[PDB]
Amino acid sequence: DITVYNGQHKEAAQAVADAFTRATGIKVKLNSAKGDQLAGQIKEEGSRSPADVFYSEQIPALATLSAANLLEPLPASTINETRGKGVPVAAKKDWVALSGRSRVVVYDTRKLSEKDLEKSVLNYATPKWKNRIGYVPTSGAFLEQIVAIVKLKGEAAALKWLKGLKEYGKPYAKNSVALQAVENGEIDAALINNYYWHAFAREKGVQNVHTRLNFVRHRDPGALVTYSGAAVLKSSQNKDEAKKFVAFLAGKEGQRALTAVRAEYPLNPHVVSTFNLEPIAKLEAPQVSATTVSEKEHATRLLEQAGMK
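Residues in the sequence shown are numbered from 1 upward in steps of one, following PDB author numbering.
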(Lines of atoms letter the chains of each structure in order from A; the text may use other names.)
(Lines give C-alpha, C1' and ligand atoms only; values in the text may rest on other atoms or scores of the structure.)
Protein backbone atom coordinates (compact mmCIF):
# COMPACT_ATOMS: atom_id res chain seq x y z
CA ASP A 1 0.00 0.00 0.00
CA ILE A 2 1.09 3.59 -0.64
CA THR A 3 0.57 7.06 0.85
CA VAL A 4 -0.05 9.80 -1.69
CA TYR A 5 0.58 13.49 -1.10
CA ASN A 6 -2.17 15.20 -3.06
CA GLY A 7 -2.32 18.85 -4.09
CA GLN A 8 -4.91 18.00 -6.73
CA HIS A 9 -8.66 18.22 -6.17
CA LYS A 10 -9.73 15.56 -3.63
CA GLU A 11 -12.41 14.49 -6.11
CA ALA A 12 -9.91 14.05 -8.96
CA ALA A 13 -7.42 12.24 -6.71
CA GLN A 14 -10.15 10.06 -5.15
CA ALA A 15 -11.16 8.83 -8.60
CA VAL A 16 -7.64 7.81 -9.63
CA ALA A 17 -6.94 6.24 -6.23
CA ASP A 18 -10.04 4.03 -6.17
CA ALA A 19 -9.77 2.99 -9.83
CA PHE A 20 -6.13 2.12 -9.14
CA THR A 21 -7.24 -0.10 -6.28
CA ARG A 22 -9.76 -1.96 -8.44
CA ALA A 23 -7.20 -2.56 -11.17
CA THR A 24 -4.54 -3.87 -8.78
CA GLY A 25 -5.81 -4.22 -5.23
CA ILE A 26 -3.38 -1.71 -3.74
CA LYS A 27 -4.64 0.71 -1.09
CA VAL A 28 -3.60 4.34 -1.56
CA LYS A 29 -3.83 6.55 1.52
CA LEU A 30 -4.20 10.26 0.79
CA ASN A 31 -2.69 13.32 2.41
CA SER A 32 -4.43 16.34 0.90
CA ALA A 33 -3.29 19.97 1.08
CA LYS A 34 -1.95 22.69 -1.24
CA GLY A 35 0.92 21.87 -3.57
CA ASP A 36 3.35 24.08 -1.64
CA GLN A 37 2.81 22.82 1.89
CA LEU A 38 3.29 19.20 0.82
CA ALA A 39 6.51 19.96 -1.07
CA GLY A 40 8.05 21.78 1.88
CA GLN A 41 6.56 19.18 4.25
CA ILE A 42 8.48 16.62 2.21
CA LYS A 43 11.61 18.78 2.44
CA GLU A 44 11.45 18.84 6.24
CA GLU A 45 10.93 15.07 6.48
CA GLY A 46 13.69 14.27 3.98
CA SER A 47 14.80 10.63 4.00
CA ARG A 48 12.28 10.10 6.81
CA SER A 49 9.16 10.95 4.78
CA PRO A 50 5.95 8.82 4.66
CA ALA A 51 5.18 10.13 1.18
CA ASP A 52 5.50 7.43 -1.50
CA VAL A 53 4.02 9.47 -4.34
CA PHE A 54 3.55 13.21 -4.81
CA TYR A 55 0.43 14.12 -6.80
CA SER A 56 0.88 17.86 -7.34
CA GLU A 57 -1.42 20.28 -9.12
CA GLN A 58 1.54 22.52 -9.98
CA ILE A 59 4.87 21.83 -11.68
CA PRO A 60 7.08 24.14 -9.60
CA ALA A 61 6.36 22.00 -6.53
CA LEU A 62 7.75 19.06 -8.48
CA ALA A 63 10.74 21.13 -9.57
CA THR A 64 11.84 22.27 -6.11
CA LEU A 65 11.92 18.62 -5.02
CA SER A 66 13.75 17.65 -8.21
CA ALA A 67 16.29 20.38 -7.55
CA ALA A 68 16.58 19.10 -3.99
CA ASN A 69 17.35 15.57 -5.19
CA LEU A 70 14.38 13.85 -3.57
CA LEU A 71 12.51 12.37 -6.56
CA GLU A 72 13.01 8.89 -8.01
CA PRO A 73 13.57 8.52 -11.81
CA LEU A 74 10.59 7.19 -13.80
CA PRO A 75 10.80 4.58 -16.58
CA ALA A 76 10.90 6.11 -20.05
CA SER A 77 7.70 4.19 -20.86
CA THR A 78 5.85 6.12 -18.15
CA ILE A 79 7.12 9.58 -19.08
CA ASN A 80 6.33 8.69 -22.70
CA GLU A 81 2.61 8.05 -22.15
CA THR A 82 1.90 11.80 -22.00
CA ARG A 83 4.63 13.19 -24.27
CA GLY A 84 3.64 15.78 -26.87
CA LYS A 85 4.58 19.21 -28.26
CA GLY A 86 4.42 21.76 -25.42
CA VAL A 87 4.14 19.24 -22.60
CA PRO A 88 6.52 19.86 -19.64
CA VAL A 89 9.51 17.53 -19.52
CA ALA A 90 11.54 16.64 -16.43
CA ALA A 91 15.21 17.40 -17.10
CA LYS A 92 16.19 14.54 -14.78
CA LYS A 93 13.28 12.38 -16.01
CA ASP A 94 12.19 12.35 -12.35
CA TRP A 95 8.51 13.47 -12.61
CA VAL A 96 5.88 13.38 -15.37
CA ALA A 97 3.16 15.73 -16.69
CA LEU A 98 -0.36 14.28 -16.36
CA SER A 99 -3.20 16.73 -17.02
CA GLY A 100 -3.80 20.32 -17.95
CA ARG A 101 -6.28 23.03 -17.03
CA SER A 102 -6.72 26.14 -19.18
CA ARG A 103 -7.62 29.79 -18.81
CA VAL A 104 -10.89 30.80 -20.43
CA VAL A 105 -13.48 33.52 -20.93
CA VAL A 106 -17.04 32.65 -20.00
CA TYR A 107 -19.74 34.90 -21.39
CA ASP A 108 -23.47 35.53 -21.49
CA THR A 109 -24.87 33.95 -24.66
CA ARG A 110 -28.09 35.90 -24.09
CA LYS A 111 -26.16 39.01 -25.04
CA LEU A 112 -22.98 37.88 -26.81
CA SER A 113 -21.75 35.33 -29.34
CA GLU A 114 -18.23 34.43 -30.56
CA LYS A 115 -17.91 37.21 -33.15
CA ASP A 116 -18.35 39.52 -30.13
CA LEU A 117 -15.21 38.39 -28.29
CA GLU A 118 -11.53 39.41 -28.41
CA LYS A 119 -8.62 37.76 -30.26
CA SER A 120 -6.32 38.35 -27.24
CA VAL A 121 -7.07 38.27 -23.50
CA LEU A 122 -5.01 41.49 -23.48
CA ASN A 123 -7.66 43.51 -25.35
CA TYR A 124 -10.05 43.21 -22.41
CA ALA A 125 -8.17 45.92 -20.53
CA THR A 126 -9.66 48.65 -22.74
CA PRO A 127 -12.61 51.12 -22.72
CA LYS A 128 -14.53 48.77 -25.01
CA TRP A 129 -15.20 46.65 -21.93
CA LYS A 130 -15.69 49.17 -19.14
CA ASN A 131 -17.64 47.08 -16.64
CA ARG A 132 -18.12 44.37 -19.29
CA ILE A 133 -15.38 41.98 -18.18
CA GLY A 134 -14.67 40.58 -14.73
CA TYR A 135 -11.64 39.12 -13.01
CA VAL A 136 -10.35 37.77 -9.70
CA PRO A 137 -7.15 39.66 -8.72
CA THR A 138 -6.63 37.32 -5.77
CA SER A 139 -6.67 34.06 -7.73
CA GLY A 140 -3.59 31.88 -8.12
CA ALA A 141 -4.54 31.42 -11.76
CA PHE A 142 -4.77 35.19 -12.18
CA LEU A 143 -1.18 35.38 -10.86
CA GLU A 144 -0.07 32.74 -13.35
CA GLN A 145 -1.65 34.81 -16.11
CA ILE A 146 0.50 37.79 -15.06
CA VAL A 147 3.69 35.72 -14.92
CA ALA A 148 2.92 34.31 -18.38
CA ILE A 149 2.22 37.69 -20.00
CA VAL A 150 5.43 39.12 -18.55
CA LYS A 151 7.27 36.13 -20.01
CA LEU A 152 5.52 36.42 -23.37
CA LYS A 153 5.33 40.19 -23.92
CA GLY A 154 7.40 41.79 -21.19
CA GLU A 155 6.67 43.50 -17.88
CA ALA A 156 5.23 46.59 -19.58
CA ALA A 157 2.29 44.84 -21.24
CA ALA A 158 1.54 42.99 -18.01
CA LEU A 159 1.22 46.12 -15.87
CA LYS A 160 -0.73 47.88 -18.61
CA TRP A 161 -3.15 44.92 -18.73
CA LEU A 162 -3.61 45.12 -14.96
CA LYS A 163 -4.20 48.89 -14.81
CA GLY A 164 -6.70 48.68 -17.65
CA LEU A 165 -8.62 45.94 -15.86
CA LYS A 166 -8.71 48.06 -12.68
CA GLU A 167 -9.91 50.96 -14.81
CA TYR A 168 -12.66 49.01 -16.62
CA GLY A 169 -13.35 45.41 -15.62
CA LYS A 170 -14.82 44.23 -12.30
CA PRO A 171 -13.17 42.13 -9.54
CA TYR A 172 -14.84 39.03 -8.11
CA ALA A 173 -13.87 37.34 -4.82
CA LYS A 174 -13.43 33.80 -6.25
CA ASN A 175 -13.66 32.20 -9.70
CA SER A 176 -17.11 30.64 -9.16
CA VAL A 177 -18.36 34.06 -8.02
CA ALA A 178 -17.31 35.54 -11.37
CA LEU A 179 -19.11 32.77 -13.25
CA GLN A 180 -22.39 33.04 -11.35
CA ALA A 181 -22.17 36.78 -12.03
CA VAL A 182 -22.00 36.11 -15.77
CA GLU A 183 -24.78 33.52 -15.43
CA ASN A 184 -26.99 36.04 -13.59
CA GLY A 185 -26.49 38.73 -16.19
CA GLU A 186 -24.57 41.00 -13.83
CA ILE A 187 -21.65 41.28 -16.25
CA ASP A 188 -21.09 40.33 -19.90
CA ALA A 189 -18.01 38.13 -19.47
CA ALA A 190 -15.21 37.15 -17.09
CA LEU A 191 -11.71 35.67 -17.10
CA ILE A 192 -11.77 32.25 -15.39
CA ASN A 193 -10.62 28.63 -15.43
CA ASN A 194 -12.34 26.15 -17.75
CA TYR A 195 -12.63 23.57 -15.02
CA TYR A 196 -14.94 25.63 -12.75
CA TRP A 197 -17.49 25.94 -15.63
CA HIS A 198 -17.70 22.37 -16.93
CA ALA A 199 -18.57 21.28 -13.42
CA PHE A 200 -21.37 23.86 -13.28
CA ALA A 201 -23.06 22.87 -16.53
CA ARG A 202 -22.87 19.14 -15.71
CA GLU A 203 -24.45 19.70 -12.29
CA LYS A 204 -27.25 21.92 -13.62
CA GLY A 205 -27.64 20.71 -17.18
CA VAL A 206 -26.15 22.62 -20.12
CA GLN A 207 -29.65 23.48 -21.41
CA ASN A 208 -30.31 25.36 -18.15
CA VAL A 209 -26.94 27.14 -18.35
CA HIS A 210 -26.75 30.46 -20.23
CA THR A 211 -22.99 30.93 -19.93
CA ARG A 212 -20.46 29.64 -22.48
CA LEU A 213 -16.68 29.31 -22.67
CA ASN A 214 -14.37 30.99 -25.13
CA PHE A 215 -10.82 29.92 -25.96
CA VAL A 216 -8.37 32.39 -27.53
CA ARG A 217 -5.78 29.88 -28.85
CA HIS A 218 -3.11 31.33 -31.19
CA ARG A 219 -0.33 30.95 -28.58
CA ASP A 220 -2.04 33.93 -26.95
CA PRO A 221 -1.23 34.71 -23.30
CA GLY A 222 -4.93 34.16 -22.73
CA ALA A 223 -4.52 30.51 -23.73
CA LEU A 224 -2.26 29.75 -20.74
CA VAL A 225 -2.56 26.09 -19.66
CA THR A 226 -1.26 25.00 -16.26
CA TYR A 227 -0.03 21.42 -15.92
CA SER A 228 -0.23 18.89 -13.12
CA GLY A 229 2.07 15.92 -12.65
CA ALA A 230 3.15 13.17 -10.30
CA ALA A 231 6.43 11.88 -8.90
CA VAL A 232 7.82 9.18 -6.61
CA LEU A 233 10.23 9.93 -3.75
CA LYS A 234 13.69 8.43 -3.22
CA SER A 235 12.64 7.92 0.41
CA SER A 236 9.81 5.59 -0.62
CA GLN A 237 9.78 2.07 0.79
CA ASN A 238 7.08 1.02 -1.65
CA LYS A 239 8.89 2.31 -4.76
CA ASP A 240 7.73 -0.88 -6.44
CA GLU A 241 4.07 0.14 -6.40
CA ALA A 242 4.67 3.87 -6.10
CA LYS A 243 5.98 3.73 -9.66
CA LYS A 244 3.00 1.58 -10.68
CA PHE A 245 0.75 4.35 -9.37
CA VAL A 246 2.40 7.13 -11.37
CA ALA A 247 2.36 4.72 -14.33
CA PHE A 248 -1.40 4.29 -13.87
CA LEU A 249 -1.76 8.07 -13.63
CA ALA A 250 -0.18 8.47 -17.06
CA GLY A 251 -1.81 5.35 -18.49
CA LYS A 252 -5.05 5.48 -20.49
CA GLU A 253 -7.17 3.89 -17.76
CA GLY A 254 -5.81 6.28 -15.14
CA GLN A 255 -6.46 9.15 -17.52
CA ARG A 256 -10.03 7.92 -17.94
CA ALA A 257 -10.61 7.82 -14.18
CA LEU A 258 -9.60 11.45 -13.72
CA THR A 259 -11.46 12.73 -16.79
CA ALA A 260 -14.61 10.92 -15.73
CA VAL A 261 -14.90 13.39 -12.87
CA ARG A 262 -12.51 16.24 -13.69
CA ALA A 263 -12.63 18.60 -16.66
CA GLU A 264 -8.85 18.68 -17.15
CA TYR A 265 -7.46 17.96 -20.61
CA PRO A 266 -5.82 14.51 -20.73
CA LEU A 267 -2.19 14.60 -21.84
CA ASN A 268 -2.49 10.96 -22.89
CA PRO A 269 -3.84 11.20 -26.49
CA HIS A 270 -5.67 7.84 -26.41
CA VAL A 271 -8.17 9.22 -23.89
CA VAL A 272 -11.59 10.76 -24.50
CA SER A 273 -12.90 13.09 -21.79
CA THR A 274 -16.49 12.69 -20.53
CA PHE A 275 -16.45 16.50 -20.75
CA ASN A 276 -16.68 18.36 -24.07
CA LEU A 277 -12.90 18.91 -24.31
CA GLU A 278 -11.08 19.33 -27.59
CA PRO A 279 -7.65 17.63 -27.80
CA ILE A 280 -5.22 19.58 -25.58
CA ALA A 281 -2.97 20.35 -28.56
CA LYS A 282 -5.82 22.23 -30.22
CA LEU A 283 -5.88 24.88 -27.50
CA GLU A 284 -2.64 26.20 -28.98
CA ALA A 285 -1.47 27.17 -25.49
CA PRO A 286 1.66 29.39 -25.54
CA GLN A 287 5.03 27.96 -24.61
CA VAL A 288 6.06 29.10 -21.12
CA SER A 289 8.54 27.93 -18.46
CA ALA A 290 7.53 27.05 -14.89
CA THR A 291 6.78 29.86 -12.45
CA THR A 292 9.42 30.72 -9.86
CA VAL A 293 9.23 32.29 -6.43
CA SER A 294 10.72 35.56 -7.71
CA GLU A 295 8.33 35.33 -10.64
CA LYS A 296 5.29 35.22 -8.36
CA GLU A 297 7.00 37.86 -6.26
CA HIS A 298 7.24 39.97 -9.39
CA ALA A 299 3.62 39.43 -10.48
CA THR A 300 2.30 40.09 -6.96
CA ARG A 301 4.18 43.41 -6.90
CA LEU A 302 2.54 44.26 -10.24
CA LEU A 303 -0.83 43.67 -8.56
CA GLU A 304 0.11 46.25 -5.96
CA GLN A 305 1.16 48.64 -8.73
CA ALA A 306 -2.12 48.01 -10.58
CA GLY A 307 -4.03 48.72 -7.38
CA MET A 308 -5.70 45.36 -6.77
CA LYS A 309 -3.93 44.32 -3.57
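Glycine included, each C-beta is placed from N, C-alpha and C at the ideal position.
(message) At the level of alpha carbons, what is the spacing between residue 276 and residue 266?
(response) 12 Å
(request) Kindly identify the DSSP beta-bridge partner or partners of residue 29. (result) 3
(message) Tell me whether residue 130, by its Cβ, gets closer than 7 Å to a heavy atom of the ligand SAM.
(response) Of ligands this structure carries none, so the ligand SAM is not represented either.
(request) Go through its chain and collect everything with a Cβ distance to residue 130's Cβ below 6 Å, but skip five positions before and after it. (result) 168
(message) Just to confirm, is the Cβ distance from residue 61 to residue 288 under 8 Å?
(response) no
(message) If I follow the unbroken beta strand (DSSP E) through residue 193, where does it start and stop?
(response) 189-193
(message) Tell me the DSSP secondary structure of residue 108 in three-state form.
(response) strand
(message) Whole angstroms are fine: how far does the CA of residue 181 sit from the CA of residue 160?
(response) 25 Å
(request) Would you grab the beta carbon distance between residue 198 and residue 110 for me? Rounded to a whole angstrom, and I think it's under 8 Å. (result) At roughly 20 Å, the Cβ-Cβ gap does not stay under 8 Å, so residue 198 and residue 110 are not in contact.
(request) Assuming residue 170 contacts residue 134 (C-beta within less than 8 Å), just tell me the rounded distance between them. (result) 5 Å
(request) Spatial neighbours of residue 26 within its chain, please: CB distance less than 8 Å, with the 5 preceding and 5 following residues excluded, ordered by chain position. (result) 1, 2, 20, 241, 244 and 245
(message) Would the segment 41-61 count as touching the segment 213-231 if we require 3 or more Cβ pairs under 8 Å?
(response) yes
(message) Going by DSSP in three states, residue 165 sits in which element: helix, strand or coil?
(response) helix
(request) Give the straight-line distance between the Cα atoms of residue 35 and residue 294, rounded to the nearest whole angstrom. (result) 17 Å
(message) Which residues does DSSP list as the beta-bridge partners of residue 170?
(response) 134
(request) Following the continuous alpha helix (DSSP H) through residue 152, name the residue where it begins and the one where it ends. (result) 140-153
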